[PDB]
Amino acid sequence: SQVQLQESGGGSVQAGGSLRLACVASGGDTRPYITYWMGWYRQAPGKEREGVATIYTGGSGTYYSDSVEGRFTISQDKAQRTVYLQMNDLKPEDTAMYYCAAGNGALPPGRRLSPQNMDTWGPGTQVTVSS
Amino acid sequence: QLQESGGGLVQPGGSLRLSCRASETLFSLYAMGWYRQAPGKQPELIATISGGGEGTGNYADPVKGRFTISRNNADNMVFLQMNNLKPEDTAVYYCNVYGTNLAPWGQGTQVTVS
Amino acid sequence: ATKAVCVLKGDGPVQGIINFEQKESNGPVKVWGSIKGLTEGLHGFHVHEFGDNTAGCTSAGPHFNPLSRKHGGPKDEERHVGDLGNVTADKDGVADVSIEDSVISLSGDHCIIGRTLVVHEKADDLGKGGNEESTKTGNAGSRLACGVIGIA
């Protein structure tokens, strides 16, 4: 009835390693023309949720934050209702809790990677990078 | 820019599978169609596929219930699965966008039923 | 110089603003704006007959057809008056509508003020599809967002 997101795939890895987070969506309105701006958000202990990348469920538009630009790549399997995050060349600074969140497909430019305009959230997965 | 394949020569009642690889630029209109240039005729639209996700198909009356259109979003491809071929379906099947200005036709594929 | 505007809302996330303008009487109409929340690709764009949104976009009734003709792309001559064809949404699901049509008017017998603009689910086949439905609705699929066209 309500959309629910579940992350997976975080863990511990060595500075320079790889991770592929995935978020799968469950329940909610499954009809194709219900577009969201699925996004990956990042909260380090004692700092604010950041938001690193987002993808349009309606098409393919992807927008990344400047701190992860070259390194992180967000993809999606619309038929499996999944959105992925390949994080590689991992820095120690990328340690944080990583949340997947969804928001209105109609969000304008500037409000698509802001956690305030975000509607439903996933519980989080922890990612720790050691050096 | 539009490349077809998969026709050939088939006995009546037979089945074929036409395949078309389209430009990213054409495919991202997500409105594609299989036209058949019927013998001596201008290319008629025979099946469309548009919409979200895997898309939605629409069939011209002569093929409805015998042809199935489909697409592969990740690969920019469109497929036409033709079953129980009658003589009438003999023609050259082109693939192209619909609902906007047409792209320069591709080679198309030859479908012969006898 | 008559102006008009419409705000498209629906059940789904689709929503935008489309403005009309008509410099000279019985002249041509500039139609421009932006719809956001669409599936990347083509979408049917129509002025339906009634400005009724009581049961949502269903109440709008059929495409505006005062001359009682069959369906067509806006460039064709056999067409409904409110048949404006298709709009294009990009990889971010935004369609920047920029049309200029000469059949619909802001005045007279062809006046659309008080009628409903509608963006549709799939793509309008412009009547070239080859089944009875293509000559009425153009197989544009279901209605995603709509609004009554008002005065500016």
# chains A, B, ... in the order shown; residues from 1 in each chain; ligands from 1

call {"tool": "residues_around", "arguments": {"residues": "residue C:99", "least_positions_apart": "2", "cutoff": "10 Å", "atoms": "only C-alpha atoms", "output": "number ranges by chain"}}
result
C: 20, 29-33, 84, 87, 96-97, 101

call {"tool": "interface_residues", "arguments": {"of": "chain C", "to": "chain B", "cutoff": "6 Å", "atoms": "only C-alpha atoms", "output": "PyMOL selection string"}}
result
chain C and resi 39+41-42+122+124-126+129-131

call {"tool": "residues_around", "arguments": {"residues": "stretch 71-83 of chain C", "least_positions_apart": "3", "cutoff": "6 Å", "atoms": "only C-alpha atoms", "output": "list in words"}}
result
residues 46, 47, 63, 64, 65, 104, 126, 127, 135 and 136 of chain C

call {"tool": "write_last_selection", "arguments": {"atoms": "C-alpha atoms", "output": "PDB file, in the first residue's frame"}}
result
ATOM      1  CA  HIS C  46      -5.312  17.079 -26.395  1.00  0.00           C
ATOM      2  CA  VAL C  47      -7.989  19.699 -25.710  1.00  0.00           C
ATOM      3  CA  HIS C  63     -11.380  15.366 -27.764  1.00  0.00           C
ATOM      4  CA  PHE C  64     -12.842  18.745 -28.800  1.00  0.00           C
ATOM      5  CA  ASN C  65     -14.623  18.018 -32.083  1.00  0.00           C
ATOM      6  CA  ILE C 104      -7.806  26.048 -31.912  1.00  0.00           C
ATOM      7  CA  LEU C 126      -1.797  10.599 -35.188  1.00  0.00           C
ATOM      8  CA  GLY C 127      -4.515   8.350 -36.632  1.00  0.00           C
ATOM      9  CA  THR C 135      -9.363   7.335 -35.553  1.00  0.00           C
ATOM     10  CA  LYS C 136     -10.987   8.546 -32.289  1.00  0.00           C
TER      11      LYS C 136
END

call {"tool": "interface_residues", "arguments": {"of": "chain A", "to": "chain B", "cutoff": "12 Å", "atoms": "only C-alpha atoms", "output": "PyMOL selection string"}}
result
chain A and resi 30-35+57-60+75-81

call {"tool": "interface_residues", "arguments": {"of": "chain C", "to": "chain A", "cutoff": "10 Å", "atoms": "only C-alpha atoms", "output": "list in words"}}
result
residues 11, 12, 13, 14, 15, 16, 35, 36, 37, 38, 39, 40, 41, 89, 90, 91, 92, 93, 94, 121, 122 and 144 of chain C

call {"tool": "residues_around", "arguments": {"residues": "residue C:107", "least_positions_apart": "3", "cutoff": "12 Å", "atoms": "only C-alpha atoms", "output": "list in words"}}
result
residues 1, 2, 3, 4, 20, 21, 22, 23, 24, 25, 26, 27, 28, 29, 103, 104, 110, 111, 112, 113, 114 and 151 of chain C
